[PDB]
>>> print(open('query_34.cif').read())   # mmCIF, N, CA and C atoms and all ligand atoms
data_upload
loop_
_atom_site.label_atom_id
_atom_site.label_comp_id
_atom_site.auth_asym_id
_atom_site.auth_seq_id
_atom_site.Cartn_x
_atom_site.Cartn_y
_atom_site.Cartn_z
N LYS G 1 41.75 -121.93 82.19
CA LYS G 1 43.11 -122.51 82.06
C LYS G 1 43.99 -121.89 83.13
N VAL G 2 44.65 -122.73 83.92
CA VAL G 2 45.67 -122.24 84.83
C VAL G 2 47.00 -122.47 84.13
N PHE G 3 47.64 -121.38 83.73
CA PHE G 3 48.94 -121.47 83.06
C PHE G 3 50.02 -121.86 84.04
N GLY G 4 50.99 -122.62 83.56
CA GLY G 4 52.27 -122.72 84.24
C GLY G 4 53.03 -121.41 84.11
N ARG G 5 53.98 -121.18 85.01
CA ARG G 5 54.75 -119.95 85.01
C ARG G 5 55.52 -119.76 83.69
N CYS G 6 56.34 -120.73 83.31
CA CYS G 6 57.10 -120.61 82.06
C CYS G 6 56.19 -120.69 80.83
N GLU G 7 55.11 -121.45 80.94
CA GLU G 7 54.10 -121.50 79.89
C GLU G 7 53.55 -120.10 79.60
N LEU G 8 53.21 -119.37 80.66
CA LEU G 8 52.70 -118.02 80.48
C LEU G 8 53.78 -117.08 79.96
N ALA G 9 54.99 -117.21 80.50
CA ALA G 9 56.12 -116.40 80.02
C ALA G 9 56.29 -116.55 78.51
N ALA G 10 56.23 -117.78 78.01
CA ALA G 10 56.45 -118.04 76.59
C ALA G 10 55.34 -117.42 75.75
N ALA G 11 54.10 -117.51 76.24
CA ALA G 11 52.95 -116.96 75.53
C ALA G 11 53.00 -115.45 75.50
N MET G 12 53.31 -114.84 76.64
CA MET G 12 53.47 -113.39 76.71
C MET G 12 54.60 -112.91 75.79
N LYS G 13 55.72 -113.63 75.78
CA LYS G 13 56.83 -113.30 74.91
C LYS G 13 56.43 -113.37 73.44
N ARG G 14 55.72 -114.44 73.07
CA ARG G 14 55.31 -114.62 71.69
C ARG G 14 54.36 -113.53 71.20
N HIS G 15 53.59 -112.97 72.12
CA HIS G 15 52.69 -111.85 71.85
C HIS G 15 53.35 -110.47 71.99
N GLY G 16 54.66 -110.43 72.21
CA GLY G 16 55.41 -109.18 72.19
C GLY G 16 55.35 -108.33 73.46
N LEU G 17 55.05 -108.95 74.61
CA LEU G 17 55.04 -108.21 75.87
C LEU G 17 56.41 -107.98 76.48
N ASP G 18 57.39 -108.83 76.15
CA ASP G 18 58.72 -108.66 76.73
C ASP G 18 59.26 -107.32 76.29
N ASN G 19 59.46 -106.46 77.28
CA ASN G 19 59.91 -105.07 77.12
C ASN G 19 58.92 -104.14 76.41
N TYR G 20 57.65 -104.54 76.35
CA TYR G 20 56.59 -103.66 75.82
C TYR G 20 56.45 -102.44 76.73
N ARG G 21 56.52 -101.25 76.14
CA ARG G 21 56.59 -99.99 76.90
C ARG G 21 57.71 -100.01 77.96
N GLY G 22 58.75 -100.80 77.70
CA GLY G 22 59.90 -100.89 78.58
C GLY G 22 59.77 -101.83 79.77
N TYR G 23 58.69 -102.61 79.83
CA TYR G 23 58.46 -103.53 80.94
C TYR G 23 58.90 -104.93 80.57
N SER G 24 59.95 -105.40 81.23
CA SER G 24 60.51 -106.71 80.95
C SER G 24 59.51 -107.81 81.25
N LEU G 25 59.73 -108.96 80.63
CA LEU G 25 58.82 -110.10 80.72
C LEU G 25 58.47 -110.48 82.17
N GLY G 26 59.46 -110.44 83.06
CA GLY G 26 59.22 -110.78 84.46
C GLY G 26 58.18 -109.88 85.12
N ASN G 27 58.13 -108.61 84.73
CA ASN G 27 57.09 -107.72 85.23
C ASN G 27 55.68 -108.21 84.90
N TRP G 28 55.50 -108.67 83.67
CA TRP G 28 54.21 -109.15 83.19
C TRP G 28 53.83 -110.46 83.85
N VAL G 29 54.81 -111.35 84.02
CA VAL G 29 54.54 -112.63 84.67
C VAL G 29 54.20 -112.41 86.15
N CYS G 30 54.97 -111.56 86.82
CA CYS G 30 54.70 -111.20 88.21
C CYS G 30 53.30 -110.60 88.36
N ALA G 31 52.94 -109.68 87.47
CA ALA G 31 51.62 -109.08 87.53
C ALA G 31 50.53 -110.14 87.42
N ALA G 32 50.64 -111.03 86.44
CA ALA G 32 49.63 -112.07 86.27
C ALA G 32 49.58 -112.99 87.48
N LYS G 33 50.73 -113.32 88.06
CA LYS G 33 50.74 -114.18 89.23
C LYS G 33 49.88 -113.59 90.34
N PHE G 34 50.11 -112.33 90.66
CA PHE G 34 49.43 -111.75 91.80
C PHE G 34 48.04 -111.22 91.48
N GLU G 35 47.76 -110.92 90.21
CA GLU G 35 46.43 -110.51 89.81
C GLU G 35 45.47 -111.70 89.73
N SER G 36 45.90 -112.79 89.08
CA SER G 36 44.99 -113.89 88.74
C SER G 36 45.46 -115.26 89.19
N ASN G 37 46.65 -115.34 89.78
CA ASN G 37 47.27 -116.64 90.03
C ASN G 37 47.39 -117.49 88.76
N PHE G 38 47.59 -116.83 87.62
CA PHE G 38 47.77 -117.48 86.32
C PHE G 38 46.49 -118.15 85.79
N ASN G 39 45.34 -117.79 86.36
CA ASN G 39 44.07 -118.42 86.00
C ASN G 39 43.30 -117.52 85.05
N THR G 40 43.14 -117.99 83.81
CA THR G 40 42.45 -117.19 82.80
C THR G 40 41.00 -116.91 83.14
N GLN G 41 40.40 -117.71 84.03
CA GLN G 41 38.98 -117.56 84.36
C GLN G 41 38.71 -116.65 85.55
N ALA G 42 39.75 -116.10 86.17
CA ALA G 42 39.59 -115.31 87.39
C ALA G 42 38.74 -114.07 87.18
N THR G 43 37.80 -113.85 88.09
CA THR G 43 36.98 -112.64 88.13
C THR G 43 36.92 -112.15 89.55
N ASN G 44 36.88 -110.83 89.74
CA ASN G 44 36.72 -110.27 91.07
C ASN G 44 35.98 -108.94 91.02
N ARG G 45 34.94 -108.81 91.83
CA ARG G 45 34.17 -107.57 91.92
C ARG G 45 34.78 -106.54 92.88
N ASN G 46 34.65 -105.27 92.49
CA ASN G 46 35.18 -104.12 93.22
C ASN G 46 34.08 -103.23 93.79
N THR G 47 34.45 -102.39 94.76
CA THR G 47 33.49 -101.51 95.43
C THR G 47 32.76 -100.53 94.52
N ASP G 48 33.41 -100.10 93.44
CA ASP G 48 32.78 -99.15 92.53
C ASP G 48 31.75 -99.80 91.60
N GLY G 49 31.57 -101.12 91.73
CA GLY G 49 30.62 -101.85 90.90
C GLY G 49 31.23 -102.48 89.67
N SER G 50 32.51 -102.20 89.43
CA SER G 50 33.23 -102.86 88.35
C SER G 50 33.66 -104.26 88.76
N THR G 51 34.14 -105.01 87.78
CA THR G 51 34.70 -106.33 87.97
C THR G 51 35.99 -106.40 87.15
N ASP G 52 36.96 -107.16 87.67
CA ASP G 52 38.21 -107.49 86.99
C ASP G 52 38.07 -108.82 86.29
N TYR G 53 38.64 -108.93 85.09
CA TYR G 53 38.52 -110.14 84.30
C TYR G 53 39.84 -110.68 83.79
N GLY G 54 40.03 -111.97 84.04
CA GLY G 54 41.05 -112.74 83.35
C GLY G 54 42.43 -112.71 83.94
N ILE G 55 43.36 -113.22 83.14
CA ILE G 55 44.76 -113.43 83.50
C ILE G 55 45.44 -112.15 84.01
N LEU G 56 45.03 -111.01 83.46
CA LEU G 56 45.57 -109.72 83.86
C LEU G 56 44.53 -108.81 84.52
N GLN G 57 43.41 -109.38 84.95
CA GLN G 57 42.45 -108.67 85.80
C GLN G 57 42.10 -107.28 85.26
N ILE G 58 41.66 -107.29 84.01
CA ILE G 58 41.29 -106.08 83.30
C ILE G 58 39.92 -105.58 83.77
N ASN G 59 39.86 -104.28 84.07
CA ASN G 59 38.75 -103.69 84.80
C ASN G 59 37.62 -103.17 83.91
N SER G 60 36.39 -103.50 84.29
CA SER G 60 35.19 -103.18 83.50
C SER G 60 34.71 -101.73 83.58
N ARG G 61 35.28 -100.91 84.45
CA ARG G 61 34.95 -99.48 84.45
C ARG G 61 35.63 -98.79 83.27
N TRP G 62 36.79 -99.29 82.87
CA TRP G 62 37.61 -98.62 81.87
C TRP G 62 37.70 -99.34 80.53
N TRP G 63 37.86 -100.67 80.57
CA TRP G 63 38.48 -101.36 79.44
C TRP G 63 37.59 -102.30 78.64
N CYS G 64 36.64 -102.96 79.31
CA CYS G 64 35.79 -103.93 78.64
C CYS G 64 34.35 -103.76 79.10
N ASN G 65 33.42 -104.28 78.31
CA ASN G 65 32.01 -104.19 78.66
C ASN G 65 31.49 -105.47 79.30
N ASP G 66 30.95 -105.36 80.51
CA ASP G 66 30.27 -106.50 81.14
C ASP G 66 28.77 -106.28 81.34
N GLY G 67 28.27 -105.16 80.83
CA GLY G 67 26.85 -104.85 80.86
C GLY G 67 26.27 -104.45 82.21
N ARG G 68 27.09 -104.41 83.25
CA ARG G 68 26.59 -104.09 84.59
C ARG G 68 27.41 -103.06 85.36
N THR G 69 28.36 -102.41 84.69
CA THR G 69 29.26 -101.49 85.37
C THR G 69 28.89 -100.05 85.03
N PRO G 70 28.43 -99.27 86.02
CA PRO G 70 28.19 -97.86 85.75
C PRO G 70 29.44 -97.13 85.27
N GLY G 71 29.23 -96.16 84.39
CA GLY G 71 30.32 -95.31 83.91
C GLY G 71 31.34 -96.01 83.04
N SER G 72 31.01 -97.21 82.57
CA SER G 72 31.95 -97.98 81.77
C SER G 72 32.35 -97.20 80.53
N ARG G 73 33.61 -97.38 80.13
CA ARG G 73 34.16 -96.72 78.95
C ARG G 73 34.48 -97.69 77.82
N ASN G 74 34.64 -98.98 78.14
CA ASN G 74 34.96 -100.01 77.14
C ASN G 74 36.06 -99.59 76.15
N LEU G 75 37.19 -99.14 76.67
CA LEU G 75 38.24 -98.57 75.82
C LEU G 75 38.95 -99.62 74.96
N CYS G 76 38.90 -100.89 75.37
CA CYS G 76 39.43 -101.97 74.53
C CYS G 76 38.41 -102.50 73.53
N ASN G 77 37.18 -101.98 73.61
CA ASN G 77 36.09 -102.36 72.70
C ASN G 77 35.90 -103.88 72.61
N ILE G 78 35.61 -104.49 73.75
CA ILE G 78 35.55 -105.94 73.84
C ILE G 78 34.63 -106.34 74.99
N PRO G 79 33.85 -107.43 74.83
CA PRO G 79 33.11 -107.89 76.00
C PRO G 79 34.09 -108.47 77.02
N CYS G 80 33.86 -108.20 78.30
CA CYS G 80 34.76 -108.67 79.35
C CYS G 80 34.94 -110.19 79.33
N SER G 81 33.89 -110.91 78.96
CA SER G 81 33.97 -112.37 78.94
C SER G 81 35.02 -112.89 77.94
N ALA G 82 35.30 -112.11 76.90
CA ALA G 82 36.35 -112.48 75.94
C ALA G 82 37.75 -112.44 76.57
N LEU G 83 37.86 -111.76 77.70
CA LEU G 83 39.13 -111.69 78.41
C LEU G 83 39.32 -112.88 79.36
N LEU G 84 38.38 -113.83 79.33
CA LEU G 84 38.45 -115.04 80.14
C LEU G 84 38.88 -116.28 79.35
N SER G 85 39.22 -116.07 78.08
CA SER G 85 39.58 -117.17 77.17
C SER G 85 40.88 -117.85 77.55
N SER G 86 41.04 -119.11 77.16
CA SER G 86 42.28 -119.83 77.40
C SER G 86 43.44 -119.24 76.59
N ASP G 87 43.10 -118.69 75.43
CA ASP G 87 44.04 -118.00 74.55
C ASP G 87 44.15 -116.56 75.09
N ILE G 88 45.37 -116.11 75.41
CA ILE G 88 45.55 -114.79 76.04
C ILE G 88 45.57 -113.59 75.08
N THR G 89 45.36 -113.84 73.78
CA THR G 89 45.45 -112.79 72.78
C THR G 89 44.68 -111.52 73.15
N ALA G 90 43.40 -111.66 73.47
CA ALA G 90 42.57 -110.49 73.72
C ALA G 90 43.05 -109.71 74.95
N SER G 91 43.43 -110.43 76.00
CA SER G 91 43.97 -109.80 77.20
C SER G 91 45.28 -109.08 76.91
N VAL G 92 46.14 -109.68 76.09
CA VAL G 92 47.39 -109.02 75.73
C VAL G 92 47.14 -107.76 74.90
N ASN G 93 46.27 -107.84 73.90
CA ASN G 93 45.95 -106.66 73.10
C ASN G 93 45.43 -105.51 73.94
N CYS G 94 44.53 -105.83 74.87
CA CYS G 94 43.99 -104.82 75.75
C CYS G 94 45.05 -104.31 76.73
N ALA G 95 45.84 -105.22 77.31
CA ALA G 95 46.92 -104.81 78.23
C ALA G 95 47.90 -103.83 77.58
N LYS G 96 48.17 -104.02 76.29
CA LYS G 96 49.05 -103.10 75.57
C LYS G 96 48.47 -101.69 75.55
N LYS G 97 47.16 -101.58 75.38
CA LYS G 97 46.49 -100.28 75.45
C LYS G 97 46.56 -99.70 76.86
N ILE G 98 46.30 -100.54 77.86
CA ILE G 98 46.27 -100.09 79.25
C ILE G 98 47.62 -99.50 79.65
N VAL G 99 48.69 -100.23 79.37
CA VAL G 99 50.03 -99.84 79.82
C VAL G 99 50.55 -98.62 79.04
N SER G 100 49.89 -98.31 77.92
CA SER G 100 50.24 -97.17 77.09
C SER G 100 49.44 -95.92 77.43
N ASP G 101 48.53 -96.00 78.40
CA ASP G 101 47.57 -94.92 78.65
C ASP G 101 48.08 -93.78 79.53
N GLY G 102 49.31 -93.89 80.04
CA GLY G 102 49.93 -92.81 80.83
C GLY G 102 50.67 -93.24 82.08
N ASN G 103 50.10 -94.21 82.80
CA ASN G 103 50.59 -94.61 84.12
C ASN G 103 51.42 -95.89 84.07
N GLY G 104 51.70 -96.37 82.87
CA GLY G 104 52.48 -97.60 82.74
C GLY G 104 51.81 -98.74 83.49
N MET G 105 52.62 -99.58 84.13
CA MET G 105 52.07 -100.76 84.80
C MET G 105 51.44 -100.44 86.15
N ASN G 106 51.51 -99.18 86.59
CA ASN G 106 50.80 -98.79 87.81
C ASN G 106 49.30 -99.01 87.73
N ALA G 107 48.78 -99.21 86.52
CA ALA G 107 47.38 -99.58 86.32
C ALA G 107 47.03 -100.88 87.05
N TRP G 108 48.01 -101.76 87.20
CA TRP G 108 47.81 -103.04 87.89
C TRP G 108 48.19 -102.88 89.34
N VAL G 109 47.17 -102.83 90.20
CA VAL G 109 47.39 -102.59 91.62
C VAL G 109 48.30 -103.65 92.24
N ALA G 110 48.09 -104.92 91.90
CA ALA G 110 48.93 -105.96 92.46
C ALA G 110 50.37 -105.84 91.97
N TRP G 111 50.56 -105.40 90.72
CA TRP G 111 51.91 -105.12 90.24
C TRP G 111 52.56 -104.02 91.08
N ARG G 112 51.83 -102.93 91.29
CA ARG G 112 52.34 -101.79 92.03
C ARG G 112 52.76 -102.18 93.45
N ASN G 113 51.95 -103.02 94.09
CA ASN G 113 52.16 -103.39 95.48
C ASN G 113 53.09 -104.57 95.71
N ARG G 114 53.25 -105.42 94.71
CA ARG G 114 53.96 -106.68 94.92
C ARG G 114 55.08 -106.97 93.93
N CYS G 115 55.13 -106.25 92.82
CA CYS G 115 56.14 -106.51 91.79
C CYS G 115 57.07 -105.34 91.57
N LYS G 116 56.51 -104.14 91.55
CA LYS G 116 57.26 -102.93 91.24
C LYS G 116 58.45 -102.80 92.18
N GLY G 117 59.62 -102.63 91.58
CA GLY G 117 60.85 -102.47 92.34
C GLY G 117 61.48 -103.73 92.89
N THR G 118 60.84 -104.88 92.68
CA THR G 118 61.36 -106.17 93.16
C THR G 118 62.18 -106.86 92.07
N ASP G 119 62.79 -107.99 92.42
CA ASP G 119 63.57 -108.78 91.47
C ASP G 119 62.67 -109.59 90.54
N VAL G 120 62.04 -108.90 89.60
CA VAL G 120 61.03 -109.53 88.75
C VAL G 120 61.60 -110.57 87.79
N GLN G 121 62.89 -110.49 87.49
CA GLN G 121 63.48 -111.46 86.57
C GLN G 121 63.39 -112.88 87.11
N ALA G 122 63.29 -113.02 88.44
CA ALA G 122 63.10 -114.33 89.08
C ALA G 122 61.87 -115.07 88.54
N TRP G 123 60.86 -114.32 88.10
CA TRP G 123 59.66 -114.90 87.53
C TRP G 123 59.88 -115.64 86.22
N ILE G 124 61.00 -115.40 85.55
CA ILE G 124 61.29 -116.13 84.32
C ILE G 124 62.47 -117.11 84.47
N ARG G 125 62.87 -117.38 85.72
CA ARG G 125 63.96 -118.32 85.99
C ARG G 125 63.63 -119.69 85.42
N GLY G 126 64.61 -120.32 84.79
CA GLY G 126 64.43 -121.66 84.27
C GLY G 126 63.66 -121.78 82.97
N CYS G 127 63.01 -120.69 82.54
CA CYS G 127 62.22 -120.72 81.32
C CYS G 127 63.12 -120.69 80.09
N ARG G 128 62.70 -121.42 79.06
CA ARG G 128 63.31 -121.40 77.74
C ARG G 128 62.54 -120.43 76.86
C1 LIG J 201 44.36 -103.51 84.64
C2 LIG J 201 43.28 -102.54 84.99
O1 LIG J 201 42.18 -102.60 84.44
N1 LIG J 201 43.62 -101.62 85.90
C3 LIG J 201 42.70 -100.62 86.40
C4 LIG J 201 42.48 -100.89 87.89
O2 LIG J 201 41.99 -102.14 88.33
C5 LIG J 201 42.27 -102.79 89.58
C6 LIG J 201 41.16 -102.60 90.60
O3 LIG J 201 41.02 -101.21 90.84
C7 LIG J 201 41.51 -103.31 91.91
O4 LIG J 201 40.49 -103.12 92.89
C8 LIG J 201 41.68 -104.80 91.70
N2 LIG J 201 42.52 -105.04 90.54
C9 LIG J 201 42.42 -104.27 89.30
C10 LIG J 201 43.65 -104.50 88.44
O5 LIG J 201 44.79 -104.20 89.25
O6 LIG J 201 41.52 -100.00 88.42
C11 LIG J 201 41.98 -98.67 88.40
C12 LIG J 201 40.96 -97.77 89.11
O7 LIG J 201 39.73 -97.73 88.40
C13 LIG J 201 42.33 -98.21 86.97
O8 LIG J 201 43.10 -97.04 87.11
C14 LIG J 201 42.60 -95.93 86.34
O9 LIG J 201 42.90 -96.07 84.96
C15 LIG J 201 42.53 -94.96 84.17
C16 LIG J 201 42.69 -95.29 82.68
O10 LIG J 201 44.03 -95.63 82.38
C17 LIG J 201 43.35 -93.75 84.61
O11 LIG J 201 42.99 -92.64 83.82
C18 LIG J 201 44.12 -92.13 83.10
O12 LIG J 201 44.95 -91.35 83.94
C19 LIG J 201 46.11 -90.86 83.28
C20 LIG J 201 47.03 -90.18 84.29
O13 LIG J 201 46.26 -89.44 85.21
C21 LIG J 201 45.68 -89.91 82.17
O14 LIG J 201 46.81 -89.38 81.51
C22 LIG J 201 44.81 -90.67 81.17
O15 LIG J 201 44.33 -89.78 80.18
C23 LIG J 201 43.63 -91.31 81.90
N3 LIG J 201 42.83 -92.13 81.00
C24 LIG J 201 41.52 -91.92 80.84
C25 LIG J 201 40.81 -92.83 79.89
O16 LIG J 201 40.89 -91.03 81.42
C26 LIG J 201 43.09 -93.46 86.09
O17 LIG J 201 43.97 -92.46 86.56
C27 LIG J 201 43.28 -94.70 86.95
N4 LIG J 201 42.79 -94.46 88.30
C28 LIG J 201 43.50 -94.74 89.39
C29 LIG J 201 42.86 -94.44 90.72
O18 LIG J 201 44.63 -95.23 89.36
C30 LIG J 201 43.20 -99.21 86.19
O19 LIG J 201 43.20 -98.96 84.81
#
>>> encode(input="query_34.cif", output="structure tokens")
Amino acid sequence: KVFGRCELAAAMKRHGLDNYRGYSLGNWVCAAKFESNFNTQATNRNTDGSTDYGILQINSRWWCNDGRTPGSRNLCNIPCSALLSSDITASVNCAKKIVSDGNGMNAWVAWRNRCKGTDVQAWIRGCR
């Protein structure tokens, strides 16, 4: 599923991400834009042998099990493929754990490089 921008904003809001750990909704929408282009099916492999999964590009070294990542920790206790669903519930539940683990949204590299410190509220412009 490729979410619309306001469509994703509404879903993230309904799941309680707006201001979760102090990160406004625009931060989360911006992160998803640059991590996955709003595509729930997005996957990308990394040099360490891990892969990123889904709308928020959750990493298989730390958070989910994909059966092929050395040193995996599976801290969200979930198969990585469940993070590719059209329903964002599992990704949101796991993201809440990730952002609570110490480093806040710095866990998301694209957020750090492209959203952090920018006018993120623009990502929710026009949304109801
Ligand atoms: C969303 C996500 O899964 N982010 C992880 C990120 O994934 C990137 C990928 O690296 C890129 O190539 C492409 N995109 C994705 C998404 O942007 O990958 C990072 C590197 O593996 C992960 O960062 C590590 O996260 C762990 C766990 O949170 C960090 O360990 C924690 O560190 C804090 C502070 O030092 C400490 O208090 C915690 O106790 C500790 N947790 C654990 C379980 O040990 C670790 O520092 C990060 N490493 C780096 C280099 O940032 C990121 O989660």
>>> closest_residue(input="query_34.cif", among="G:102, G:26, G:49, G:71", to="ligand LIG 201 (chain J)", atoms="only N, CA and C atoms and all ligand atoms")
G:102
>>> residues_around(input="query_34.cif", residues="stretch 82-92 of chain G", least_positions_apart="4", cutoff="8 Å", atoms="only N, CA and C atoms", output="list in words")
residues 1, 2, 11, 12, 15, 17, 39, 40, 41, 42, 53, 54, 55, 56, 57, 58, 78, 96, 97 and 98 of chain G
>>> closest_atom_pairs(input="query_34.cif", of="chain G", to="ligand LIG 201 (chain J)", cutoff="7 Å", atoms="all atoms listed in the file", output="tab-separated table")
residue	atom	partner	partner_atom	distance
G:35	CA	J:LIG201	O5	6.5
G:45	C	J:LIG201	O4	6.7
G:46	CA	J:LIG201	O4	5.4
G:47	N	J:LIG201	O4	6.4
G:52	CA	J:LIG201	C9	5.8
G:56	C	J:LIG201	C1	5.3
G:57	C	J:LIG201	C1	4.4
G:58	CA	J:LIG201	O1	3.8
G:59	N	J:LIG201	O1	2.9
G:60	N	J:LIG201	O1	5.9
G:61	CA	J:LIG201	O7	6.4
G:62	CA	J:LIG201	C16	6.1
G:63	N	J:LIG201	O1	6.1
G:98	CA	J:LIG201	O10	5.9
G:101	C	J:LIG201	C22	4.8
G:102	CA	J:LIG201	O14	4.7
G:103	N	J:LIG201	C19	5.2
G:106	C	J:LIG201	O18	6.2
G:107	C	J:LIG201	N1	3.7
G:108	CA	J:LIG201	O5	3.5
G:109	N	J:LIG201	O5	2.9
G:110	N	J:LIG201	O5	4.3
G:111	N	J:LIG201	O5	6.1
>>> write_last_selection(input="query_34.cif", atoms="N, CA and C atoms", output="short mmCIF file (atom, residue, chain, number, x, y, z; two decimals), keeping the file's coordinate frame")
data_model
loop_
_atom_site.label_atom_id
_atom_site.label_comp_id
_atom_site.auth_asym_id
_atom_site.auth_seq_id
_atom_site.Cartn_x
_atom_site.Cartn_y
_atom_site.Cartn_z
N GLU G 35 47.76 -110.92 90.21
CA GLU G 35 46.43 -110.51 89.81
C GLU G 35 45.47 -111.70 89.73
N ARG G 45 34.94 -108.81 91.83
CA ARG G 45 34.17 -107.57 91.92
C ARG G 45 34.78 -106.54 92.88
N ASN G 46 34.65 -105.27 92.49
CA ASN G 46 35.18 -104.12 93.22
C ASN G 46 34.08 -103.23 93.79
N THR G 47 34.45 -102.39 94.76
CA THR G 47 33.49 -101.51 95.43
C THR G 47 32.76 -100.53 94.52
N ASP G 52 36.96 -107.16 87.67
CA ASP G 52 38.21 -107.49 86.99
C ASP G 52 38.07 -108.82 86.29
N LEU G 56 45.03 -111.01 83.46
CA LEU G 56 45.57 -109.72 83.86
C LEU G 56 44.53 -108.81 84.52
N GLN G 57 43.41 -109.38 84.95
CA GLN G 57 42.45 -108.67 85.80
C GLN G 57 42.10 -107.28 85.26
N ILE G 58 41.66 -107.29 84.01
CA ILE G 58 41.29 -106.08 83.30
C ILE G 58 39.92 -105.58 83.77
N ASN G 59 39.86 -104.28 84.07
CA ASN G 59 38.75 -103.69 84.80
C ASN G 59 37.62 -103.17 83.91
N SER G 60 36.39 -103.50 84.29
CA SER G 60 35.19 -103.18 83.50
C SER G 60 34.71 -101.73 83.58
N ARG G 61 35.28 -100.91 84.45
CA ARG G 61 34.95 -99.48 84.45
C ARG G 61 35.63 -98.79 83.27
N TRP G 62 36.79 -99.29 82.87
CA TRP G 62 37.61 -98.62 81.87
C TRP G 62 37.70 -99.34 80.53
N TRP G 63 37.86 -100.67 80.57
CA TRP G 63 38.48 -101.36 79.44
C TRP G 63 37.59 -102.30 78.64
N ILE G 98 46.30 -100.54 77.86
CA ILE G 98 46.27 -100.09 79.25
C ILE G 98 47.62 -99.50 79.65
N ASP G 101 48.53 -96.00 78.40
CA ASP G 101 47.57 -94.92 78.65
C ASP G 101 48.08 -93.78 79.53
N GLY G 102 49.31 -93.89 80.04
CA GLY G 102 49.93 -92.81 80.83
C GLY G 102 50.67 -93.24 82.08
N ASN G 103 50.10 -94.21 82.80
CA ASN G 103 50.59 -94.61 84.12
C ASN G 103 51.42 -95.89 84.07
N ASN G 106 51.51 -99.18 86.59
CA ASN G 106 50.80 -98.79 87.81
C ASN G 106 49.30 -99.01 87.73
N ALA G 107 48.78 -99.21 86.52
CA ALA G 107 47.38 -99.58 86.32
C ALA G 107 47.03 -100.88 87.05
N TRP G 108 48.01 -101.76 87.20
CA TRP G 108 47.81 -103.04 87.89
C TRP G 108 48.19 -102.88 89.34
N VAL G 109 47.17 -102.83 90.20
CA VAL G 109 47.39 -102.59 91.62
C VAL G 109 48.30 -103.65 92.24
N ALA G 110 48.09 -104.92 91.90
CA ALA G 110 48.93 -105.96 92.46
C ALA G 110 50.37 -105.84 91.97
N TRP G 111 50.56 -105.40 90.72
CA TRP G 111 51.91 -105.12 90.24
C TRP G 111 52.56 -104.02 91.08
#
>>> select_by_dssp(input="query_34.cif", residues="stretch 88-118 of chain G", states="helix (DSSP H, G or I)", output="list in words")
residues 89, 90, 91, 92, 93, 94, 95, 96, 97, 98, 99, 104, 105, 106, 107, 109, 110, 111, 112, 113 and 114 of chain G
>>> closest_residue(input="query_34.cif", among="G:50, G:10, G:20, G:3", to="residue G:126", atoms="only C-alpha atoms")
G:10
>>> atom_distance(input="query_34.cif", atom1="atom CA of residue G:25", atom2="atom CA of residue G:116")
12.8 Å
>>> atom_distance(input="query_34.cif", atom1="atom CA of residue G:13", atom2="atom CA of residue G:29")
10.0 Å
>>> build_atoms(input="query_34.cif", residues="stretch 114-123 of chain G", atoms="N, CA, C and O atoms", output="PDB file, in the coordinates of the input")
ATOM      1  N   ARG G 114      53.250-105.420  94.710  1.00  0.00           N
ATOM      2  CA  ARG G 114      53.960-106.680  94.920  1.00  0.00           C
ATOM      3  C   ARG G 114      55.080-106.970  93.930  1.00  0.00           C
ATOM      4  O   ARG G 114      55.901-107.857  94.189  1.00  0.00           O
ATOM      5  N   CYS G 115      55.130-106.250  92.820  1.00  0.00           N
ATOM      6  CA  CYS G 115      56.140-106.510  91.790  1.00  0.00           C
ATOM      7  C   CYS G 115      57.070-105.340  91.570  1.00  0.00           C
ATOM      8  O   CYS G 115      58.282-105.514  91.396  1.00  0.00           O
ATOM      9  N   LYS G 116      56.510-104.140  91.550  1.00  0.00           N
ATOM     10  CA  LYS G 116      57.260-102.930  91.240  1.00  0.00           C
ATOM     11  C   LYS G 116      58.450-102.800  92.180  1.00  0.00           C
ATOM     12  O   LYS G 116      58.308-102.872  93.403  1.00  0.00           O
ATOM     13  N   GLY G 117      59.620-102.630  91.580  1.00  0.00           N
ATOM     14  CA  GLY G 117      60.850-102.470  92.340  1.00  0.00           C
ATOM     15  C   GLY G 117      61.480-103.730  92.890  1.00  0.00           C
ATOM     16  O   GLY G 117      62.552-103.667  93.489  1.00  0.00           O
ATOM     17  N   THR G 118      60.840-104.880  92.680  1.00  0.00           N
ATOM     18  CA  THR G 118      61.360-106.170  93.160  1.00  0.00           C
ATOM     19  C   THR G 118      62.180-106.860  92.070  1.00  0.00           C
ATOM     20  O   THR G 118      62.258-106.391  90.938  1.00  0.00           O
ATOM     21  N   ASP G 119      62.790-107.990  92.420  1.00  0.00           N
ATOM     22  CA  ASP G 119      63.570-108.780  91.470  1.00  0.00           C
ATOM     23  C   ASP G 119      62.670-109.590  90.540  1.00  0.00           C
ATOM     24  O   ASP G 119      62.560-110.815  90.643  1.00  0.00           O
ATOM     25  N   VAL G 120      62.040-108.900  89.600  1.00  0.00           N
ATOM     26  CA  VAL G 120      61.030-109.530  88.750  1.00  0.00           C
ATOM     27  C   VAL G 120      61.600-110.570  87.790  1.00  0.00           C
ATOM     28  O   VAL G 120      60.873-111.446  87.327  1.00  0.00           O
ATOM     29  N   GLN G 121      62.890-110.490  87.490  1.00  0.00           N
ATOM     30  CA  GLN G 121      63.480-111.460  86.570  1.00  0.00           C
ATOM     31  C   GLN G 121      63.390-112.880  87.110  1.00  0.00           C
ATOM     32  O   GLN G 121      63.358-113.841  86.338  1.00  0.00           O
ATOM     33  N   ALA G 122      63.290-113.020  88.440  1.00  0.00           N
ATOM     34  CA  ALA G 122      63.100-114.330  89.080  1.00  0.00           C
ATOM     35  C   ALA G 122      61.870-115.070  88.540  1.00  0.00           C
ATOM     36  O   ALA G 122      61.855-116.304  88.488  1.00  0.00           O
ATOM     37  N   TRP G 123      60.860-114.320  88.100  1.00  0.00           N
ATOM     38  CA  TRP G 123      59.660-114.900  87.530  1.00  0.00           C
ATOM     39  C   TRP G 123      59.880-115.640  86.220  1.00  0.00           C
ATOM     40  O   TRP G 123      59.023-116.431  85.824  1.00  0.00           O
TER      41      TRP G 123
END
